């Protein structure tokens, strides 16, 4: 029985994500790399391998926005079509699916706020009628871009647009310093239904100092969802950090915090789950899973156990 058939319409109560029966529920899965670069993996066959064999219950569609990255602003119809294919695939498989407005070098989400509103309004009219879709409205605010000054104002307007159409599907809002500054949200939280706040980390870079920030946020009532994390270090030059990854996943499991690994592609970098040449349509043998991918697959299987 599929994840969506078993869990239905999710709800946020306090810090906690719950399923349709009010039971605590953890989403676990993996993100595409940028759809403009590694979109070949965002298909129903790859996703079925993730569901059936890896035991993932969520996928994330990383739609870069920055036109210099060949993001949505440079080629909106072509990228929107990829997002739709990804969402339709997830719907057919009964998986949850995150539509990620993947800001990064465009470090202030306000830069493309009008485009974000129109895009998410469309996504909500198309997909807001079933439980699957999750709207991630600003991947990683960074630089001099704070909760009070820039992120919350952006989020309030985009959330009002979404909530005028889709009253209940989850919305996840990024936080300052590449979605680290979750401890700033409680100073002025958003008064809408089913909102959670992003925490991102790399196992080779972040440790207890960032877990303390998460705990502080949780203690003030801020719901956290890890929409992106890596097994490598921030630069990616350290190889993989599996004992540090295990420590982080133990922490997230203890708090029933949902998590999404980066990334499902075959780029020659430590955080990529697949080895170069891996089949876009799934069924990956061990030869084409990287050290990171082998670990993530095993952890997902173990969690369902």
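Numbering follows the first chain given and starts at 1.
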| property | result |
| --- | --- |
| Stretch exceeding the other in mean C-alpha B-factor - 291-299, 8-16 | 291-299 |
| Given 223-231 and 124-132, the range whose Cα B-factors average higher in the PDB entry | 124-132 |
| Of the residues 212, 140, 168, 106, the one carrying the largest Cα B-factor as recorded | 212 |
| Residue selected from 60, 267, 28, 255 by maximal Cα B factor | 267 |
| Residue 47 by Cα B-factor - lowest, middle or highest third of the modelled chain | middle |
| Lowest, middle or highest third - CA B-factor, residue 35 | lowest |
| Record-listed C-alpha B factor of residue 200: chain third | lowest |
| Third of the chain, ranked by Cα B-factor, where residue 260 sits | lowest |
| B-factor third for the C-alpha atom of residue 174 within its chain | lowest |
